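Right, one structure below, let's go through it.
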Amino acid sequence: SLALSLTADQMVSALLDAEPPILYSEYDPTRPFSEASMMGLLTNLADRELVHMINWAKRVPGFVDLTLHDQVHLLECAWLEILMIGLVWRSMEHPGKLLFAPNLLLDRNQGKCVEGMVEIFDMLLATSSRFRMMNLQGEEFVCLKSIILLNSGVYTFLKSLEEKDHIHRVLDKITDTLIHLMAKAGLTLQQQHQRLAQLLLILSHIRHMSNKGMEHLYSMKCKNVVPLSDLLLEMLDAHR
Amino acid sequence: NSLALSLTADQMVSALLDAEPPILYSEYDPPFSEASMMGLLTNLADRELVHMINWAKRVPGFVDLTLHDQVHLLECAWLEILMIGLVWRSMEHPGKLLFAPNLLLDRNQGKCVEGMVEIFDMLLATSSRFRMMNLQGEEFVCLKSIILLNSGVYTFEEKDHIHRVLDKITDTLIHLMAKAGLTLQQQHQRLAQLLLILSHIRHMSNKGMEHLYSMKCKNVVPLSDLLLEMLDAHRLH
Amino acid sequence: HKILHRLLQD
Amino acid sequence: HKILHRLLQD
Ligand SMILES: CC(=C(c1ccc(O)cc1)c1ccc(O)cc1)c1cccc(Nc2ccccc2)c1
Ligand SMILES: CC(=C(c1ccc(O)cc1)c1ccc(O)cc1)c1cccc(Nc2ccccc2)c1
């Protein structure tokens with residue numbers, strides 16, 4: 001199944017090579033901001049990112065070994081977490097700001113334009129500062145993102161089971177990869193397991209941000225004032 | 001300056017074990033209605049919360065935080081902590097949730113409360129996961145402490161202290177695994193496996209918190225002043 | 001039938 | 001203020 005036969009270095013190269021591009025928003029700086037437009041920019045961006053994400057997922061070792069219905073479930077569960085960790089990664093070198101896109105760099109005050117957004121912005125910024133302090137590496141980031149894809153929906157899945165098993169084998173594989181990376185970075189064994197823990201614990205916060213974010217999306221949806229794309233709708237409905 | 005950082009792994013383990021809260025009982029009366037089940041679960045959780053605070057004050061390093069930081073962490077993690085405890089108690093009862101020794105519920109009784117079935121299923125999946133992993137008591141108390149210190153740390157030096165203590169608990173988890181005869185690879189893999197489950201526990205807490213908001217608005221089930229204050233901490237937005 | 005389903009096929 | 005305050009302090 002290749003995935004399980006991959007060396008740590010081959011896993012890393014595979015993940016790096018499958019990285020989606022950094023997309024641009026439609027942000028027109030001449031246009032006065034409204035809560036409806038900012039949310040529109042965000043949704044439009046996320047919608048186009050989703051297409052790349054879906055095709056990125058197929059390139060994550062082990063993912064295409066899963067049944068199609070499992071693939072669907074995992075992405076339905078993890079899509080926002082994955083968008084978010086991507087956003088946080090992009091924003092590492094922009095303290096106090098979120099780089100949604102190269103032409104869309106927002107700070108805290110600008111989140112106020114959408115009620116309830118500021119709390120989300122603050123959580124995303126805190127995560128970004130966390131990565132910056134830990135000096136998260138690109139190699140570690142792609143491992144974390146792949147872990148989210150495989151892990152977030154693994155406990156909401158008869159006789160099947162063997163699907164769960166394979167997923168955990170791949171997950172363990174990725175753990176081996178993270179350790180391999182840290183060992184090469186010169187970290188002691190104590191440091192390795194400390195950093196591994198630190199990294200995975202951040203995944204808890206990312207889940208939290210996704211949950212809360214989904215809550216706002218699911219609500220403003222019923223508000224209808226801001227239109228979601230057909231893909232985001234089906235993704236959103238999956239959480240209800 | 002703290003104290004928790006000087007502890008050995010064995011001292012960390014003993015301290016956490018000794019801090020463990022008691023298993024509380026539900027009311028001794030028997031066919032649940034939606035109001036009845038939510039009443040029992042709410043009363044139970046309310047009583048457990050009081051002991052959780054005692055337990056928290058005894059988690060090494062927690063007492064070194066300001067009152068406000070202590071409040072923030074507990075407000076953030078209270079339901080996760082109840083749930084991981086519930087999951088732990090249920091380990092030996094496959095297919096059932098041991099809320100209390102006299103309150104053992106199967107999946108089917110979740111259908112009593114609307115939307116409880118999904119919550120039940122997630123909890124059962126977690127308990128089954130722990131069982132299949134053969135989670136040990138010593139590991140469980142480490143995981144639970146981690147939730148307390150980790151869940152709200154990014155919603156805030158103090159952060160440094162917390163992260164130093166979390167490292168201490170990581171060291172302790174690895175020590176326990178090395179003690180059980182696990183190879184270095186098995187140690188890392190197991191650490192990761194356990195920590196990833198924490199992500200699901202957070203998810204269950206959030207989903208759970210969502211329903212508690214609405215059940216409060218329904219105004220059919222009484223909620224203790226304490227739970228309301230704990231709840232309201234999330235109910236924004 | 002789902003969009004995600006369809007896209008995952010292609 | 002908060003019941004949680006009292007519980008922690010006691
Ligand atoms: C950050 C973020 C979004 C986001 C995150 C990372 C991206 O690369 C691209 C996009 C997002 C995603 C989908 C959307 O349709 C809109 C935004 C997000 C997600 C959920 C909620 C919120 N905040 C919010 C607050 C109040 C009302 C509605 C939403 C933000
Ligand atoms: C398991 C669980 C609760 C629980 C978990 C572990 C315990 O040891 C003790 C108690 C709980 C906690 C507080 C309450 O006031 C009531 C129950 C819980 C938490 C939130 C939601 C739900 N399910 C639900 C579904 C629909 C409507 C309302 C609630 C359950």
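Letters A, B, ... mark the chains of the structure tokens in the order given; residue numbers begin at 1 per chain; ligand numbers begin at 1, in order shown.
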Show me which residues are within 7 Å of ligand 2 counting only C-alpha atoms and all ligand atoms, and format the list as a PDB file with N, CA and C atoms, in the first residue's frame.
```pdb
ATOM      1  N   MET B  38     -32.243  14.161  31.764  1.00  0.00           N
ATOM      2  CA  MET B  38     -31.501  15.416  31.821  1.00  0.00           C
ATOM      3  C   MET B  38     -31.378  15.918  33.254  1.00  0.00           C
ATOM      4  N   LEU B  41     -28.583  13.621  34.903  1.00  0.00           N
ATOM      5  CA  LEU B  41     -27.272  13.956  34.355  1.00  0.00           C
ATOM      6  C   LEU B  41     -26.804  15.334  34.809  1.00  0.00           C
ATOM      7  N   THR B  42     -27.739  16.274  34.901  1.00  0.00           N
ATOM      8  CA  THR B  42     -27.417  17.637  35.310  1.00  0.00           C
ATOM      9  C   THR B  42     -27.086  17.714  36.797  1.00  0.00           C
ATOM     10  N   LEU B  44     -26.023  15.275  38.654  1.00  0.00           N
ATOM     11  CA  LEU B  44     -24.771  14.547  38.820  1.00  0.00           C
ATOM     12  C   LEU B  44     -23.571  15.413  38.454  1.00  0.00           C
ATOM     13  N   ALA B  45     -23.618  16.007  37.267  1.00  0.00           N
ATOM     14  CA  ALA B  45     -22.540  16.868  36.796  1.00  0.00           C
ATOM     15  C   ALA B  45     -22.306  18.024  37.760  1.00  0.00           C
ATOM     16  N   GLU B  48     -20.420  16.716  40.674  1.00  0.00           N
ATOM     17  CA  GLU B  48     -19.063  16.384  40.253  1.00  0.00           C
ATOM     18  C   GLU B  48     -18.194  17.630  40.131  1.00  0.00           C
ATOM     19  N   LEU B  79     -16.363  20.558  30.849  1.00  0.00           N
ATOM     20  CA  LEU B  79     -17.122  19.478  30.222  1.00  0.00           C
ATOM     21  C   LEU B  79     -16.214  18.396  29.637  1.00  0.00           C
ATOM     22  N   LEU B  82     -15.278  16.269  32.589  1.00  0.00           N
ATOM     23  CA  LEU B  82     -16.367  15.380  32.978  1.00  0.00           C
ATOM     24  C   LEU B  82     -16.461  14.212  32.004  1.00  0.00           C
ATOM     25  N   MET B  83     -16.319  14.512  30.718  1.00  0.00           N
ATOM     26  CA  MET B  83     -16.467  13.506  29.672  1.00  0.00           C
ATOM     27  C   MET B  83     -15.352  12.464  29.668  1.00  0.00           C
ATOM     28  N   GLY B  85     -13.665  11.618  32.175  1.00  0.00           N
ATOM     29  CA  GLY B  85     -13.919  10.850  33.377  1.00  0.00           C
ATOM     30  C   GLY B  85     -15.001   9.817  33.130  1.00  0.00           C
ATOM     31  N   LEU B  86     -16.088  10.252  32.499  1.00  0.00           N
ATOM     32  CA  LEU B  86     -17.180   9.357  32.134  1.00  0.00           C
ATOM     33  C   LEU B  86     -16.679   8.248  31.221  1.00  0.00           C
ATOM     34  N   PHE B  99     -22.329   6.523  33.987  1.00  0.00           N
ATOM     35  CA  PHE B  99     -22.431   7.851  34.578  1.00  0.00           C
ATOM     36  C   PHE B  99     -22.205   7.765  36.083  1.00  0.00           C
ATOM     37  N   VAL B 113     -33.543  11.433  25.302  1.00  0.00           N
ATOM     38  CA  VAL B 113     -33.265  12.845  25.043  1.00  0.00           C
ATOM     39  C   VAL B 113     -32.912  13.050  23.567  1.00  0.00           C
ATOM     40  N   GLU B 114     -33.537  14.046  22.945  1.00  0.00           N
ATOM     41  CA  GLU B 114     -33.354  14.310  21.523  1.00  0.00           C
ATOM     42  C   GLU B 114     -31.983  14.921  21.241  1.00  0.00           C
ATOM     43  N   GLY B 115     -31.166  14.204  20.473  1.00  0.00           N
ATOM     44  CA  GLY B 115     -29.827  14.660  20.148  1.00  0.00           C
ATOM     45  C   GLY B 115     -28.797  14.057  21.081  1.00  0.00           C
ATOM     46  N   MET B 116     -29.272  13.271  22.041  1.00  0.00           N
ATOM     47  CA  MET B 116     -28.396  12.616  23.004  1.00  0.00           C
ATOM     48  C   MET B 116     -27.727  11.391  22.389  1.00  0.00           C
ATOM     49  N   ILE B 119     -24.361  12.166  20.841  1.00  0.00           N
ATOM     50  CA  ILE B 119     -23.414  12.382  21.930  1.00  0.00           C
ATOM     51  C   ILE B 119     -23.012  11.050  22.562  1.00  0.00           C
ATOM     52  N   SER B 205     -17.174  17.910  23.691  1.00  0.00           N
ATOM     53  CA  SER B 205     -17.489  18.973  24.636  1.00  0.00           C
ATOM     54  C   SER B 205     -18.219  20.121  23.950  1.00  0.00           C
ATOM     55  N   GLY B 208     -21.575  18.962  22.859  1.00  0.00           N
ATOM     56  CA  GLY B 208     -22.337  18.872  24.091  1.00  0.00           C
ATOM     57  C   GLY B 208     -22.747  20.235  24.613  1.00  0.00           C
ATOM     58  N   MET B 209     -21.818  21.185  24.575  1.00  0.00           N
ATOM     59  CA  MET B 209     -22.088  22.535  25.051  1.00  0.00           C
ATOM     60  C   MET B 209     -23.191  23.182  24.222  1.00  0.00           C
ATOM     61  N   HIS B 211     -25.805  21.804  22.793  1.00  0.00           N
ATOM     62  CA  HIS B 211     -27.113  21.328  23.227  1.00  0.00           C
ATOM     63  C   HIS B 211     -27.527  21.927  24.566  1.00  0.00           C
ATOM     64  N   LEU B 212     -26.558  22.109  25.457  1.00  0.00           N
ATOM     65  CA  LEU B 212     -26.837  22.676  26.772  1.00  0.00           C
ATOM     66  C   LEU B 212     -27.288  24.133  26.672  1.00  0.00           C
ATOM     67  N   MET B 215     -30.944  23.706  25.520  1.00  0.00           N
ATOM     68  CA  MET B 215     -31.778  23.130  26.566  1.00  0.00           C
ATOM     69  C   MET B 215     -32.052  24.188  27.630  1.00  0.00           C
ATOM     70  N   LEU B 223     -31.207  24.309  35.563  1.00  0.00           N
ATOM     71  CA  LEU B 223     -29.754  24.216  35.635  1.00  0.00           C
ATOM     72  C   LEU B 223     -29.273  24.991  36.851  1.00  0.00           C
ATOM     73  N   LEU B 227     -23.648  25.644  37.099  1.00  0.00           N
ATOM     74  CA  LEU B 227     -23.598  25.189  35.714  1.00  0.00           C
ATOM     75  C   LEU B 227     -23.924  26.314  34.740  1.00  0.00           C
TER      76      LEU B 227
END
```
Residues near range 13-20 of chain B, cut-off 7 Å, only C-alpha atoms, skip fewer than 4 positions along chain, as a PyMOL selection string: chain B and resi 9+55+58-59+138+141
Requested write-out: N, CA and C atoms of the selected residues, as a PDB file, in the first residue's frame:
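Saved the output as selection_28.pdb:
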```pdb
ATOM      1  N   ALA B   9       8.884  11.845  37.877  1.00  0.00           N
ATOM      2  CA  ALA B   9       7.737  11.249  37.206  1.00  0.00           C
ATOM      3  C   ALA B   9       6.873  10.481  38.205  1.00  0.00           C
ATOM      4  N   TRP B  55      -9.966  18.752  42.913  1.00  0.00           N
ATOM      5  CA  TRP B  55      -8.975  18.024  42.132  1.00  0.00           C
ATOM      6  C   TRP B  55      -8.036  18.977  41.394  1.00  0.00           C
ATOM      7  N   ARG B  58      -5.256  20.591  43.124  1.00  0.00           N
ATOM      8  CA  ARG B  58      -4.253  19.614  43.528  1.00  0.00           C
ATOM      9  C   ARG B  58      -3.448  19.077  42.347  1.00  0.00           C
ATOM     10  N   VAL B  59      -3.763  19.560  41.150  1.00  0.00           N
ATOM     11  CA  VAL B  59      -2.950  19.270  39.978  1.00  0.00           C
ATOM     12  C   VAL B  59      -1.705  20.145  40.033  1.00  0.00           C
ATOM     13  N   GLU B 138      -2.861   5.371  35.398  1.00  0.00           N
ATOM     14  CA  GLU B 138      -1.782   6.346  35.489  1.00  0.00           C
ATOM     15  C   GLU B 138      -1.723   7.245  34.257  1.00  0.00           C
ATOM     16  N   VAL B 141      -4.973   9.839  34.324  1.00  0.00           N
ATOM     17  CA  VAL B 141      -4.839  11.016  35.175  1.00  0.00           C
ATOM     18  C   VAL B 141      -3.910  12.055  34.553  1.00  0.00           C
TER      19      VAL B 141
END
```
Non-local contacts of residue 81 in chain A (7 Å; only C-alpha atoms; under 4 positions in same chain excluded) as a ChimeraX atom specification: /A:85,206-207,210
Grab me every residue within 8 Å of ligand 1, counting only C-alpha atoms and all ligand atoms, and send it over as a PDB file with C-alpha atoms, in the first residue's frame.
```pdb
ATOM      1  CA  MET A  39     -17.831  37.448   4.698  1.00  0.00           C
ATOM      2  CA  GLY A  40     -18.255  37.154   0.937  1.00  0.00           C
ATOM      3  CA  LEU A  41     -14.515  37.439   0.359  1.00  0.00           C
ATOM      4  CA  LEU A  42     -13.865  34.782   2.999  1.00  0.00           C
ATOM      5  CA  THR A  43     -16.469  32.365   1.625  1.00  0.00           C
ATOM      6  CA  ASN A  44     -15.371  32.864  -1.983  1.00  0.00           C
ATOM      7  CA  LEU A  45     -11.764  32.217  -0.984  1.00  0.00           C
ATOM      8  CA  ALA A  46     -12.638  29.153   1.093  1.00  0.00           C
ATOM      9  CA  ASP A  47     -14.760  27.799  -1.760  1.00  0.00           C
ATOM     10  CA  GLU A  49      -9.481  26.494  -1.563  1.00  0.00           C
ATOM     11  CA  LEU A  80     -12.502  23.913   8.225  1.00  0.00           C
ATOM     12  CA  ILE A  82      -7.551  22.260   7.458  1.00  0.00           C
ATOM     13  CA  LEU A  83      -8.399  25.694   6.057  1.00  0.00           C
ATOM     14  CA  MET A  84      -7.668  27.154   9.489  1.00  0.00           C
ATOM     15  CA  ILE A  85      -4.282  25.523  10.094  1.00  0.00           C
ATOM     16  CA  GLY A  86      -3.352  26.648   6.593  1.00  0.00           C
ATOM     17  CA  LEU A  87      -4.379  30.207   7.417  1.00  0.00           C
ATOM     18  CA  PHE A 100      -6.178  35.052   4.395  1.00  0.00           C
ATOM     19  CA  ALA A 101      -4.573  35.813   1.041  1.00  0.00           C
ATOM     20  CA  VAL A 114     -18.441  41.041  11.507  1.00  0.00           C
ATOM     21  CA  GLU A 115     -20.104  40.403  14.864  1.00  0.00           C
ATOM     22  CA  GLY A 116     -18.620  37.351  16.568  1.00  0.00           C
ATOM     23  CA  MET A 117     -15.659  37.304  14.193  1.00  0.00           C
ATOM     24  CA  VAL A 118     -13.276  39.023  16.609  1.00  0.00           C
ATOM     25  CA  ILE A 120     -12.434  33.755  16.043  1.00  0.00           C
ATOM     26  CA  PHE A 121      -9.726  36.156  14.873  1.00  0.00           C
ATOM     27  CA  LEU A 124      -6.481  32.176  15.092  1.00  0.00           C
ATOM     28  CA  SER A 210     -13.446  24.802  13.721  1.00  0.00           C
ATOM     29  CA  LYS A 212     -17.036  27.510  16.948  1.00  0.00           C
ATOM     30  CA  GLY A 213     -16.503  28.755  13.405  1.00  0.00           C
ATOM     31  CA  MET A 214     -18.933  26.163  12.066  1.00  0.00           C
ATOM     32  CA  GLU A 215     -21.425  27.414  14.651  1.00  0.00           C
ATOM     33  CA  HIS A 216     -21.306  30.940  13.229  1.00  0.00           C
ATOM     34  CA  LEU A 217     -21.431  29.747   9.615  1.00  0.00           C
ATOM     35  CA  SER A 219     -26.203  30.486  11.872  1.00  0.00           C
ATOM     36  CA  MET A 220     -25.444  33.225   9.342  1.00  0.00           C
ATOM     37  CA  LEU A 228     -22.583  30.227   0.675  1.00  0.00           C
ATOM     38  CA  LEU A 232     -19.738  24.835   1.396  1.00  0.00           C
TER      39      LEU A 232
END
```
Within 9 Å of chain B: residues of chain A, using only C-alpha atoms, as a VMD selection string: chain A and resid 116 119 122 to 123 126 to 127 130 147 151 to 153 155 to 156 168 171 to 173 175 to 176 179 190 192 to 198 200 to 208 211 to 212 215 to 216
Output N, CA and C atoms for every residue in the selection just made, as a short mmCIF file (atom, residue, chain, number, x, y, z; two decimals), in the first residue's frame.
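Contents of result_29.cif, as written:
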```cif
data_model
loop_
_atom_site.label_atom_id
_atom_site.label_comp_id
_atom_site.auth_asym_id
_atom_site.auth_seq_id
_atom_site.Cartn_x
_atom_site.Cartn_y
_atom_site.Cartn_z
N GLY A 116 -18.99 38.70 16.18
CA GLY A 116 -18.62 37.35 16.57
C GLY A 116 -17.35 36.87 15.89
N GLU A 119 -13.64 37.15 18.12
CA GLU A 119 -13.24 36.04 18.97
C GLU A 119 -12.52 34.98 18.14
N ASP A 122 -9.09 36.29 17.21
CA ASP A 122 -8.18 36.21 18.35
C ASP A 122 -7.65 34.79 18.58
N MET A 123 -8.51 33.80 18.38
CA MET A 123 -8.11 32.41 18.52
C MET A 123 -7.12 32.00 17.43
N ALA A 126 -3.72 33.72 18.17
CA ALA A 126 -3.04 33.05 19.27
C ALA A 126 -2.35 31.79 18.78
N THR A 127 -3.02 31.05 17.91
CA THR A 127 -2.46 29.83 17.34
C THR A 127 -1.25 30.17 16.48
N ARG A 130 1.63 30.93 18.58
CA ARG A 130 2.11 29.66 19.12
C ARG A 130 3.08 28.99 18.15
N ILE A 147 -2.41 14.78 9.52
CA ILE A 147 -2.95 14.14 10.72
C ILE A 147 -4.40 14.56 10.95
N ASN A 151 -7.49 12.09 11.23
CA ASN A 151 -7.88 11.89 12.62
C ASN A 151 -9.24 12.47 13.02
N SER A 152 -9.56 13.66 12.52
CA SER A 152 -10.74 14.39 12.98
C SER A 152 -12.06 13.63 12.87
N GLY A 153 -12.22 12.84 11.81
CA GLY A 153 -13.47 12.13 11.59
C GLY A 153 -13.38 10.64 11.82
N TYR A 155 -13.39 8.91 14.55
CA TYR A 155 -14.21 8.37 15.63
C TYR A 155 -15.70 8.65 15.47
N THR A 156 -16.10 9.07 14.28
CA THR A 156 -17.51 9.28 13.99
C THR A 156 -17.96 8.42 12.80
N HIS A 168 -5.18 4.26 11.36
CA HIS A 168 -4.31 4.38 12.53
C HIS A 168 -2.88 3.95 12.22
N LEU A 171 -1.52 6.98 10.51
CA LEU A 171 -1.31 7.99 11.54
C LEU A 171 -0.02 7.72 12.32
N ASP A 172 0.17 6.48 12.74
CA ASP A 172 1.40 6.09 13.42
C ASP A 172 2.60 6.39 12.53
N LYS A 173 2.45 6.12 11.24
CA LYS A 173 3.49 6.38 10.27
C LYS A 173 3.90 7.85 10.30
N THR A 175 3.47 9.92 12.77
CA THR A 175 4.12 10.17 14.05
C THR A 175 5.60 9.83 13.95
N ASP A 176 5.90 8.68 13.35
CA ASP A 176 7.28 8.28 13.11
C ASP A 176 8.02 9.35 12.32
N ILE A 179 8.84 12.55 14.53
CA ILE A 179 9.98 12.22 15.39
C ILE A 179 11.27 12.21 14.58
N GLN A 190 14.08 13.59 24.96
CA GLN A 190 13.13 14.30 25.80
C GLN A 190 12.48 15.43 25.02
N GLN A 192 12.23 15.68 21.79
CA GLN A 192 11.42 15.12 20.71
C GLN A 192 9.99 14.85 21.17
N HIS A 193 9.84 14.15 22.29
CA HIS A 193 8.51 13.79 22.78
C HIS A 193 7.76 14.99 23.36
N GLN A 194 8.50 16.00 23.81
CA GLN A 194 7.89 17.23 24.29
C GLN A 194 7.31 18.04 23.14
N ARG A 195 8.08 18.16 22.06
CA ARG A 195 7.63 18.91 20.89
C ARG A 195 6.48 18.19 20.19
N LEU A 196 6.57 16.87 20.10
CA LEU A 196 5.50 16.07 19.52
C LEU A 196 4.19 16.34 20.25
N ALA A 197 4.26 16.35 21.58
CA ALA A 197 3.09 16.61 22.41
C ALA A 197 2.57 18.03 22.18
N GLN A 198 3.48 19.00 22.25
CA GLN A 198 3.13 20.40 22.03
C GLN A 198 2.39 20.60 20.71
N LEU A 200 0.71 18.28 18.83
CA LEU A 200 -0.57 17.58 18.77
C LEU A 200 -1.63 18.24 19.66
N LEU A 201 -1.20 18.85 20.75
CA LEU A 201 -2.12 19.53 21.65
C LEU A 201 -2.73 20.76 20.99
N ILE A 202 -1.99 21.37 20.06
CA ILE A 202 -2.49 22.50 19.30
C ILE A 202 -3.67 22.07 18.43
N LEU A 203 -3.67 20.80 18.04
CA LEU A 203 -4.75 20.24 17.23
C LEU A 203 -6.08 20.30 17.97
N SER A 204 -6.02 20.28 19.30
CA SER A 204 -7.22 20.39 20.12
C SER A 204 -7.85 21.77 19.98
N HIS A 205 -7.00 22.79 19.94
CA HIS A 205 -7.44 24.17 19.81
C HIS A 205 -8.00 24.42 18.42
N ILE A 206 -7.38 23.79 17.42
CA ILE A 206 -7.82 23.94 16.04
C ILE A 206 -9.20 23.32 15.87
N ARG A 207 -9.42 22.18 16.52
CA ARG A 207 -10.74 21.56 16.53
C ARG A 207 -11.75 22.53 17.14
N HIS A 208 -11.36 23.16 18.24
CA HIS A 208 -12.21 24.10 18.94
C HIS A 208 -12.60 25.27 18.05
N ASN A 211 -15.07 24.05 15.37
CA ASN A 211 -16.40 23.89 15.96
C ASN A 211 -17.13 25.22 16.10
N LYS A 212 -16.47 26.19 16.72
CA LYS A 212 -17.04 27.51 16.95
C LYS A 212 -17.30 28.25 15.64
N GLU A 215 -20.24 26.94 13.95
CA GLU A 215 -21.43 27.41 14.65
C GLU A 215 -21.91 28.74 14.07
N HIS A 216 -20.98 29.64 13.81
CA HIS A 216 -21.31 30.94 13.23
C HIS A 216 -21.76 30.81 11.78
#
```
DSSP-assigned strand (DSSP E or B) members of chain B, reported as a PyMOL selection string: chain B and resi 96-100+103-106
Which residues of chain D have any atom within 7 Å of an atom in chain B when counting only C-alpha atoms, and what is the closest pair of atoms for each, with the distance in Å to one decimal? Order the rows by chain and rising number and write it as a tab-separated table.
```
residue	atom	partner	partner_atom	distance
D:3	CA	B:226	CA	6.1
D:4	CA	B:71	CA	6.8
D:7	CA	B:53	CA	6.8
D:8	CA	B:53	CA	6.3
```
May I have chain D as a JSON list (two decimals) with N, CA and C atoms, in the first residue's frame, after a least-squares superposition on chain C that uses all C-alpha atoms paired in order?
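Everything below was put into part20.json:
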```
[["chain", "number", "residue", "atom", "x", "y", "z"],
["D", 1, "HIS", "N", -26.09, 12.81, -5.61],
["D", 1, "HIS", "CA", -26.00, 12.73, -4.15],
["D", 1, "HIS", "C", -25.19, 13.90, -3.58],
["D", 2, "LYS", "N", -23.87, 13.79, -3.66],
["D", 2, "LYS", "CA", -23.00, 14.83, -3.13],
["D", 2, "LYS", "C", -21.92, 15.27, -4.12],
["D", 3, "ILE", "N", -21.78, 16.59, -4.26],
["D", 3, "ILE", "CA", -20.73, 17.16, -5.09],
["D", 3, "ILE", "C", -19.37, 16.64, -4.64],
["D", 4, "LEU", "N", -19.23, 16.40, -3.34],
["D", 4, "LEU", "CA", -17.98, 15.89, -2.78],
["D", 4, "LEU", "C", -17.65, 14.52, -3.35],
["D", 5, "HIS", "N", -18.68, 13.73, -3.64],
["D", 5, "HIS", "CA", -18.49, 12.42, -4.25],
["D", 5, "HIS", "C", -17.81, 12.57, -5.62],
["D", 6, "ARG", "N", -18.34, 13.48, -6.43],
["D", 6, "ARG", "CA", -17.83, 13.68, -7.78],
["D", 6, "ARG", "C", -16.39, 14.19, -7.77],
["D", 7, "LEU", "N", -16.11, 15.16, -6.91],
["D", 7, "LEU", "CA", -14.78, 15.75, -6.81],
["D", 7, "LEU", "C", -13.73, 14.70, -6.44],
["D", 8, "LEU", "N", -14.07, 13.83, -5.50],
["D", 8, "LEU", "CA", -13.17, 12.77, -5.07],
["D", 8, "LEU", "C", -12.92, 11.76, -6.18],
["D", 9, "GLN", "N", -13.99, 11.36, -6.86],
["D", 9, "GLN", "CA", -13.88, 10.36, -7.92],
["D", 9, "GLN", "C", -13.19, 10.89, -9.18],
["D", 10, "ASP", "N", -13.15, 12.21, -9.32],
["D", 10, "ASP", "CA", -12.51, 12.84, -10.47],
["D", 10, "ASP", "C", -11.20, 13.51, -10.07]]
```
Chain C contacts on chain A, only C-alpha atoms, 7 Å, as a PyMOL selection string: chain A and resi 54+72+231
May I have the selected residues written with N, CA and C atoms, as a JSON list (two decimals), in the first residue's frame?
```
[["chain", "number", "residue", "atom", "x", "y", "z"],
["A", 54, "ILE", "N", -9.48, 19.10, -1.73],
["A", 54, "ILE", "CA", -9.98, 17.80, -2.14],
["A", 54, "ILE", "C", -8.94, 17.03, -2.94],
["A", 72, "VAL", "N", -15.18, 10.89, 1.90],
["A", 72, "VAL", "CA", -16.17, 11.95, 2.04],
["A", 72, "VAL", "C", -16.32, 12.38, 3.50],
["A", 231, "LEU", "N", -20.88, 23.91, -2.58],
["A", 231, "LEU", "CA", -19.96, 22.99, -1.93],
["A", 231, "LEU", "C", -19.92, 23.22, -0.42]]
```
Coordinates-based distance that separates CA of residue 70 in chain A from CA of residue 239 in chain A (Å, one decimal): 15.2 Å
All alpha helix (DSSP H) residues (DSSP, backbone) inside chain C, as a PyMOL selection string: chain C and resi 3-9
10 Å contact set for residue 95 in chain B, only C-alpha atoms, chain neighbours under 3 positions out, as JSON, numbers by chain: {"B": [90, 91, 92, 98, 105, 106, 107, 108, 120, 121, 123, 124, 125, 127, 128]}
The selected residues should be written to file as a compact mmCIF listing (two decimals), in the first residue's frame (atoms: N, CA and C atoms).
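As a result, selection.txt now contains:
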```
# COMPACT_ATOMS: atom_id res chain seq x y z
N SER B 90 -16.41 4.10 31.93
CA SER B 90 -17.18 3.22 31.06
C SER B 90 -16.33 2.17 30.35
N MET B 91 -15.02 2.33 30.41
CA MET B 91 -14.10 1.43 29.72
C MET B 91 -14.47 -0.05 29.85
N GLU B 92 -14.74 -0.49 31.07
CA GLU B 92 -15.00 -1.90 31.34
C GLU B 92 -16.43 -2.32 31.03
N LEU B 98 -21.12 4.44 32.02
CA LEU B 98 -21.24 4.42 33.47
C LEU B 98 -21.19 5.83 34.04
N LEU B 105 -25.95 3.43 31.51
CA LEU B 105 -26.85 3.61 30.38
C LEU B 105 -26.30 3.05 29.07
N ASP B 106 -27.15 2.36 28.32
CA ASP B 106 -26.78 1.85 27.01
C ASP B 106 -27.08 2.89 25.94
N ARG B 107 -26.71 2.60 24.70
CA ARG B 107 -26.96 3.53 23.60
C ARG B 107 -28.44 3.86 23.46
N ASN B 108 -29.28 2.85 23.62
CA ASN B 108 -30.71 2.98 23.38
C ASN B 108 -31.41 4.00 24.28
N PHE B 120 -24.01 10.23 22.89
CA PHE B 120 -23.76 8.91 23.45
C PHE B 120 -22.80 8.10 22.58
N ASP B 121 -23.12 8.00 21.29
CA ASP B 121 -22.30 7.25 20.34
C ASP B 121 -20.84 7.71 20.33
N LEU B 123 -19.20 9.25 22.74
CA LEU B 123 -18.63 8.86 24.03
C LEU B 123 -18.29 7.38 24.06
N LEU B 124 -19.22 6.55 23.57
CA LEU B 124 -19.00 5.11 23.52
C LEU B 124 -17.81 4.75 22.64
N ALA B 125 -17.68 5.45 21.52
CA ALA B 125 -16.56 5.24 20.61
C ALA B 125 -15.24 5.55 21.30
N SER B 127 -14.70 5.52 24.65
CA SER B 127 -14.50 4.51 25.68
C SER B 127 -13.96 3.23 25.07
N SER B 128 -14.55 2.80 23.96
CA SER B 128 -14.10 1.61 23.25
C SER B 128 -12.65 1.78 22.82
```
